[PDB]
Structure formats: structure tokens, C-alpha cells
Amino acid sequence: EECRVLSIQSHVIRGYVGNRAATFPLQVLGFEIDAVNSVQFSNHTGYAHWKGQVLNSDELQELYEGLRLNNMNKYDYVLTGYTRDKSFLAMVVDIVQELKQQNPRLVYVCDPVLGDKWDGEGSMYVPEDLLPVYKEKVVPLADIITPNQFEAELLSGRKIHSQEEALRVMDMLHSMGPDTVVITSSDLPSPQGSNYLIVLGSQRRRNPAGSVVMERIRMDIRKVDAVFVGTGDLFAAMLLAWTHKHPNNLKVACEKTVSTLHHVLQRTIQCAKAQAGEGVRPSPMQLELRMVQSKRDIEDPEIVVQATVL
């Protein structure tokens, strides 16, 4: 009785992004998550300053060699996110692969971090020579991917202007490999305002009888006037967690994931406003996620937003 996860992400001393946004939450939910830190920086790169070291593909390979020699290369899930190096990303592919040989039932949850959009136009935040690797090597191996609108577009090659185009892109993404695709954020039109960001879910699965079916969901989340870092990593981590508990219920899984984010952010923005005054926009430091103060919400998130069925 234990679920083992190998998470290969960034590590920071101060703050919560990468393995720091993902680890504590999964530990609180009872997963045996082993963290491989692809980097060690003082804090995330949205700060005015930051210093640190990165891990190269050789060292990553070296670290994996250790686990293998000890016959500890048996996981239930693998989790990856922001990766800045192509050789590193390739080594990750070689690793997930072997781990999948060892355990065919392994679920590779992949957050294909490539970039995002701002105001209107989007741009990459990672080496462009990563996109082909993700397309031909990483995604075909993935079981669950969580790209944002911009990443869904780059991966599929199609731009998204409406919900129906999103769904079509999702199907394209399903054909590339993963049975679960969740667009974690988008500027799609919303009947509630425009102050809302849209989340779209799509999961294909074989039912008991053996019929292959697909469940689709949509969520309209009201925007918080501030920029957060780590929340996508958190999103992917909780999705892993909740699909694990509700494997045939994408609706409930996403509602628990999105609600956990809501409570963490609500608490985070309250503490930030007070920290740096009335009217003052909080600094990156003050906007760090109140992760430990949110233990209870992570354990049993009260559902504050139900998804609409598609």
C-alpha cells in the first residue's frame, strides 16, 4: 500500500516552484514522492535577482544509476515540468522509458512547459529546440499532459480562437499519445465576464465492458489580480493526485485540483496585500504561495467551483 512518484523538477531555497510547489502537497496526500532536483537556485527567476546551479544530463543519469543499482527504479508515476536543456529532456525520456519497461502500468504525468502568453502575444521561455523533442519524444510517452493554451497551440501547430478549436486541438493531442489532456489556462471567451480564465479537460479511457469513451469538462475561473509562480507545477501535481483517487472521474479530479489552487491563492493574496500595504502591489516574494499554511485545503479541498460538462 504505497504510491511511488519520481518528480524531476527545479528546486529553490526560498519559495515554492517546481519540486517545492509539488512535493509538500503530494506528501500531505500520502504519496511517496522522490524528488530529483534539476536545479538549485536561491529563488525563482521572476525575482529581481537569483543565483544557483543546474543539474546536467550526466549527473541525472548518474543519480538514476544509483537507484537502478539498488533496484529502486520501480515507480507508479513520473512527474516532470520546466526543463531548460535538450540533452536533459532527452535523458528524462530515456529514463521514463526504462522505468516504463520495469513497470508497464507506470503513469507519466508531463507538464510540457514551453512558454506562456501575456496580454495577447505569447513567447517561449525555454530553448526552441525543445519543442520537437516534446512532440516526437516526450508527449508520445505521456499519459497525462497539462499544457496551457500557448503550449497546446505550439504542440498541435494550430492556433486556438474558440472552445471548439480547443477541443479539436485536444483530440490532436490525444492522438499524439496521452489519454488525459488538460489545458490549464486560456483566454477563451467566458459568459461570466472576461475577468475569467478557462480550464478545459479531456480524458479518454476504456470502460469495464471495454468500450473506449471520452469525458470532457470546462471550468471558468475568476482571475486574481497578481502574477503567481509555481501554480502550474502545483496544478500538475494535484491533477496527478486527484486522478489517482478518482481515475474514471475527470470532473471530480479537476474540481478538486482547481479548488485546491483557489484556496491556496486566496490565502496567498490575503497575506500578500497585508504584507506590503494598502494599494501597494505585492512583490514576487510576498506572492510566494502559502503552501504550509494551506495543509488542510490540500487534504480535503472544499469544492468552490464545479465544472460544466462537455
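We call the rigid core the largest set of C-alpha positions that still match within 1.5 Å between the two forms. Residue numbers here begin at 1 and follow the sequence given.
Rigid core fits of the other structures in 6 other deposited structures of this protein place the C-alpha atoms of one stretch farther away on average; of 223-231 and 95-103, that stretch is 223-231. Gaps at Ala209 occur in at least a third of the other compared entries of the protein that contain both adjacent residues. Of the other entries compared for this protein that flank it with modelled residues, all give atoms for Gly52, so not even a third lack it. Higher mean CA temperature factor, per the PDB entry, when comparing 210-218 with 187-195: 187-195.
Taking the PDB entry as given, 63-71 carries the higher mean Cα B factor of the two stretches 63-71 and 36-44. Looking at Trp118, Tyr77, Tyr82, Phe228, the one whose CA carries the top B-factor in the deposited record is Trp118. Of the candidates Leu265, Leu26, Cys271, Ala253, the PDB record gives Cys271 the highest C-alpha temperature factor. Remark: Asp297 belongs to the lowest third of its chain, ranked by C-alpha B-factor as recorded.
Per the PDB record, residue ranking by Cα B-factor puts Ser7 in the lowest third of the chain. When all modelled residues of the chain are sorted by CA temperature factor, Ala90 is found within the middle third. When the modelled residues of the chain are ordered by their C-alpha B factor, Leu55 lands in the middle third. Ranked within its chain, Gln275 lands in the highest third, by CA B factor from the PDB record.
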